[PDB]
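For reference, data.pdb is printed below; it contains PDB, C-alpha atoms.
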ATOM      1  CA  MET A  10      -7.053   2.548 -18.708  1.00  0.00           C
ATOM      2  CA  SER A  11      -6.287  -0.823 -20.296  1.00  0.00           C
ATOM      3  CA  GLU A  12      -5.019  -2.760 -17.278  1.00  0.00           C
ATOM      4  CA  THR A  13      -6.625  -1.714 -13.992  1.00  0.00           C
ATOM      5  CA  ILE A  14      -5.901  -3.382 -10.652  1.00  0.00           C
ATOM      6  CA  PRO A  15      -8.159  -2.687  -7.643  1.00  0.00           C
ATOM      7  CA  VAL A  16      -6.545  -2.762  -4.199  1.00  0.00           C
ATOM      8  CA  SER A  17      -7.777  -2.510  -0.610  1.00  0.00           C
ATOM      9  CA  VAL A  18      -5.956  -1.071   2.404  1.00  0.00           C
ATOM     10  CA  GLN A  19      -6.822  -1.372   6.094  1.00  0.00           C
ATOM     11  CA  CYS A  20      -6.043   1.300   8.686  1.00  0.00           C
ATOM     12  CA  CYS A  21      -6.602   1.639  12.434  1.00  0.00           C
ATOM     13  CA  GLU A  22      -8.421   4.881  11.626  1.00  0.00           C
ATOM     14  CA  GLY A  23     -10.504   3.391   8.830  1.00  0.00           C
ATOM     15  CA  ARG A  24     -10.362   1.848   5.363  1.00  0.00           C
ATOM     16  CA  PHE A  25      -9.013   3.187   2.067  1.00  0.00           C
ATOM     17  CA  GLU A  26      -9.296   1.594  -1.375  1.00  0.00           C
ATOM     18  CA  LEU A  27      -7.666   2.572  -4.670  1.00  0.00           C
ATOM     19  CA  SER A  28      -7.059   1.339  -8.216  1.00  0.00           C
ATOM     20  CA  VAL A  29      -3.777   1.501 -10.133  1.00  0.00           C
ATOM     21  CA  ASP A  30      -2.153  -0.245 -13.094  1.00  0.00           C
ATOM     22  CA  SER A  31       0.526  -2.837 -12.335  1.00  0.00           C
ATOM     23  CA  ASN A  32       3.985  -2.132 -13.754  1.00  0.00           C
ATOM     24  CA  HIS A  33       6.173  -0.474 -11.119  1.00  0.00           C
ATOM     25  CA  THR A  34       7.440  -1.840  -7.802  1.00  0.00           C
ATOM     26  CA  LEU A  35       5.710  -1.477  -4.434  1.00  0.00           C
ATOM     27  CA  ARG A  36       7.433   1.908  -4.239  1.00  0.00           C
ATOM     28  CA  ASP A  37       4.736   3.118  -6.634  1.00  0.00           C
ATOM     29  CA  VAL A  38       1.769   1.616  -4.786  1.00  0.00           C
ATOM     30  CA  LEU A  39       3.018   2.922  -1.439  1.00  0.00           C
ATOM     31  CA  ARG A  40       3.942   6.286  -2.953  1.00  0.00           C
ATOM     32  CA  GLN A  41       0.312   6.934  -3.885  1.00  0.00           C
ATOM     33  CA  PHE A  42      -1.221   5.268  -0.827  1.00  0.00           C
ATOM     34  CA  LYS A  43       0.982   7.303   1.513  1.00  0.00           C
ATOM     35  CA  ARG A  44       0.496  10.383  -0.667  1.00  0.00           C
ATOM     36  CA  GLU A  45      -3.257  10.125  -0.098  1.00  0.00           C
ATOM     37  CA  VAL A  46      -3.279   8.693   3.428  1.00  0.00           C
ATOM     38  CA  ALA A  47      -1.701  11.989   4.481  1.00  0.00           C
ATOM     39  CA  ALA A  48      -5.048  13.613   3.696  1.00  0.00           C
ATOM     40  CA  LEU A  49      -6.550  12.234   6.908  1.00  0.00           C
ATOM     41  CA  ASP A  50      -3.391  10.946   8.590  1.00  0.00           C
ATOM     42  CA  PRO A  51      -1.302  13.878   9.889  1.00  0.00           C
ATOM     43  CA  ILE A  52       1.365  11.565  11.301  1.00  0.00           C
ATOM     44  CA  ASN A  53       4.135  10.345   8.996  1.00  0.00           C
ATOM     45  CA  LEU A  54       3.273   6.765   8.038  1.00  0.00           C
ATOM     46  CA  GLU A  55       6.901   6.421   6.945  1.00  0.00           C
ATOM     47  CA  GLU A  56       7.644   5.780  10.621  1.00  0.00           C
ATOM     48  CA  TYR A  57       5.453   2.675  10.453  1.00  0.00           C
ATOM     49  CA  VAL A  58       5.410  -0.624   8.561  1.00  0.00           C
ATOM     50  CA  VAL A  59       2.720  -1.936   6.214  1.00  0.00           C
ATOM     51  CA  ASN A  60       1.953  -5.586   5.474  1.00  0.00           C
ATOM     52  CA  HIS A  61       0.941  -6.686   1.975  1.00  0.00           C
ATOM     53  CA  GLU A  62      -1.226  -9.785   1.552  1.00  0.00           C
ATOM     54  CA  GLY A  63      -0.674 -10.679   5.196  1.00  0.00           C
ATOM     55  CA  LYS A  64       3.064 -10.594   4.539  1.00  0.00           C
ATOM     56  CA  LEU A  65       5.540  -8.042   5.892  1.00  0.00           C
ATOM     57  CA  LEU A  66       7.975  -6.878   3.212  1.00  0.00           C
ATOM     58  CA  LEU A  67      11.422  -5.423   3.900  1.00  0.00           C
ATOM     59  CA  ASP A  68      11.826  -3.060   0.947  1.00  0.00           C
ATOM     60  CA  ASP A  69       9.652  -1.683  -1.854  1.00  0.00           C
ATOM     61  CA  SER A  70      11.793  -3.004  -4.708  1.00  0.00           C
ATOM     62  CA  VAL A  71       9.517  -5.989  -5.327  1.00  0.00           C
ATOM     63  CA  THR A  72       6.411  -5.631  -7.492  1.00  0.00           C
ATOM     64  CA  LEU A  73       2.842  -6.419  -6.445  1.00  0.00           C
ATOM     65  CA  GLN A  74       3.046  -9.737  -8.293  1.00  0.00           C
ATOM     66  CA  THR A  75       6.606 -10.368  -7.110  1.00  0.00           C
ATOM     67  CA  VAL A  76       5.328 -10.462  -3.529  1.00  0.00           C
ATOM     68  CA  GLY A  77       2.472 -12.759  -4.497  1.00  0.00           C
ATOM     69  CA  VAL A  78      -0.399 -10.308  -4.100  1.00  0.00           C
ATOM     70  CA  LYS A  79      -3.797 -11.468  -5.356  1.00  0.00           C
ATOM     71  CA  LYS A  80      -6.331  -9.588  -7.482  1.00  0.00           C
ATOM     72  CA  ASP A  81      -8.013  -8.221  -4.355  1.00  0.00           C
ATOM     73  CA  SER A  82      -4.675  -7.137  -2.886  1.00  0.00           C
ATOM     74  CA  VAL A  83      -5.243  -6.502   0.821  1.00  0.00           C
ATOM     75  CA  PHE A  84      -2.636  -4.655   2.883  1.00  0.00           C
ATOM     76  CA  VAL A  85      -2.845  -3.532   6.511  1.00  0.00           C
ATOM     77  CA  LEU A  86      -0.924  -0.669   8.119  1.00  0.00           C
ATOM     78  CA  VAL A  87       0.191  -0.616  11.755  1.00  0.00           C
ATOM     79  CA  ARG A  88       2.407   1.633  13.874  1.00  0.00           C
ATOM     80  CA  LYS A  89       5.598  -0.116  14.984  1.00  0.00           C
ATOM     81  CA  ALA A  90       6.693   2.651  17.353  1.00  0.00           C
TER      82      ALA A  90
END
Starting from the file, lay out its structure as structure tokens.
Amino acid sequence: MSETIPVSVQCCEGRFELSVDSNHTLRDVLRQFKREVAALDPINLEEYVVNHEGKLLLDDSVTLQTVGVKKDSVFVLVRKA
């Protein structure tokens, strides 16, 4: 608990916020977000795409900072199909 980073996520069903330390790639942020979103979201979010900081990323190899995310870090999730 030395370097905390608050983040906010928007969903068509509601809103979900979380706090995690920056170090790993988006794969980490999404891993937790999707791991928790499943609590209320029965459908597999993996079949959908999520935009970070108003920007749609291709893979999760880039880090939060690599993408250019701000302190607030706002990402929205939407169903593509």
Residues proximal to (10.7, -2.4, -4.3) were defined as those with any atom within 9 Å of that point in the file's coordinates, counting all atoms listed in the file. Which are they, as a list in words?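 Output of the proximity query reads residues 33, 34, 35, 36, 37, 67, 68, 69, 70, 71 and 72 of chain A.
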Could you please take those selected residues and save C-alpha atoms as a PDB file, keeping the file's coordinate frame?
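This is the output file out.pdb:
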ATOM      1  CA  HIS A  33       6.173  -0.474 -11.119  1.00  0.00           C
ATOM      2  CA  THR A  34       7.440  -1.840  -7.802  1.00  0.00           C
ATOM      3  CA  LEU A  35       5.710  -1.477  -4.434  1.00  0.00           C
ATOM      4  CA  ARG A  36       7.433   1.908  -4.239  1.00  0.00           C
ATOM      5  CA  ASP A  37       4.736   3.118  -6.634  1.00  0.00           C
ATOM      6  CA  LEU A  67      11.422  -5.423   3.900  1.00  0.00           C
ATOM      7  CA  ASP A  68      11.826  -3.060   0.947  1.00  0.00           C
ATOM      8  CA  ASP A  69       9.652  -1.683  -1.854  1.00  0.00           C
ATOM      9  CA  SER A  70      11.793  -3.004  -4.708  1.00  0.00           C
ATOM     10  CA  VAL A  71       9.517  -5.989  -5.327  1.00  0.00           C
ATOM     11  CA  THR A  72       6.411  -5.631  -7.492  1.00  0.00           C
TER      12      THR A  72
END
Given the PyMOL selection byres ((chain A and resi 50) around 12) and the file above, list the residues it selects as number ranges by chain. A: 20-25, 42-49, 51-55, 86
Using C-alpha atoms, can you export the residues from the last selection as a PDB file, keeping the file's coordinate frame?
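Heads up, here's the output in part_31.pdb:
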ATOM      1  CA  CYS A  20      -6.043   1.300   8.686  1.00  0.00           C
ATOM      2  CA  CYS A  21      -6.602   1.639  12.434  1.00  0.00           C
ATOM      3  CA  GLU A  22      -8.421   4.881  11.626  1.00  0.00           C
ATOM      4  CA  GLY A  23     -10.504   3.391   8.830  1.00  0.00           C
ATOM      5  CA  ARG A  24     -10.362   1.848   5.363  1.00  0.00           C
ATOM      6  CA  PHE A  25      -9.013   3.187   2.067  1.00  0.00           C
ATOM      7  CA  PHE A  42      -1.221   5.268  -0.827  1.00  0.00           C
ATOM      8  CA  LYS A  43       0.982   7.303   1.513  1.00  0.00           C
ATOM      9  CA  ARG A  44       0.496  10.383  -0.667  1.00  0.00           C
ATOM     10  CA  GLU A  45      -3.257  10.125  -0.098  1.00  0.00           C
ATOM     11  CA  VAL A  46      -3.279   8.693   3.428  1.00  0.00           C
ATOM     12  CA  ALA A  47      -1.701  11.989   4.481  1.00  0.00           C
ATOM     13  CA  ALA A  48      -5.048  13.613   3.696  1.00  0.00           C
ATOM     14  CA  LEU A  49      -6.550  12.234   6.908  1.00  0.00           C
ATOM     15  CA  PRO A  51      -1.302  13.878   9.889  1.00  0.00           C
ATOM     16  CA  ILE A  52       1.365  11.565  11.301  1.00  0.00           C
ATOM     17  CA  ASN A  53       4.135  10.345   8.996  1.00  0.00           C
ATOM     18  CA  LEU A  54       3.273   6.765   8.038  1.00  0.00           C
ATOM     19  CA  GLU A  55       6.901   6.421   6.945  1.00  0.00           C
ATOM     20  CA  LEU A  86      -0.924  -0.669   8.119  1.00  0.00           C
TER      21      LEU A  86
END
Closest of A:75, A:63, A:19, A:89 to residue 31 in chain A - atom-to-atom distances counting all atoms listed in the file: A:75
Interatomic distance (Å, one decimal) between CA of residue 17 in chain A and CA of residue 85 in chain A: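 Separating CA of residue 17 in chain A from CA of residue 85 in chain A is a distance of 8.7 Å.
Here the question is which of A:64, A:40, A:59, A:27 gets nearest to residue 76 in chain A using all atoms listed in the file, and that residue is A:64.
Across the structure, CA of residue 61 in chain A and CA of residue 13 in chain A are spaced 18.4 Å apart.
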Mind listing whatever residues come within 7 Å of the point (-4.3, 2.6, -17.0)? Use all atoms listed in the file, file coordinates, and give them as a ChimeraX atom specification. /A:10-13,29-30
Taking all listed atoms of range 52-70 of chain A, build the axis-aligned box, pad each of the six sides by 8 Å, then write its centre and edge lengths in Å to one decimal as AutoDock Vina command-line options.
--center_x 5.3 --center_y 0.4 --center_z 3.3 --size_x 29.1 --size_y 38.2 --size_z 32.0
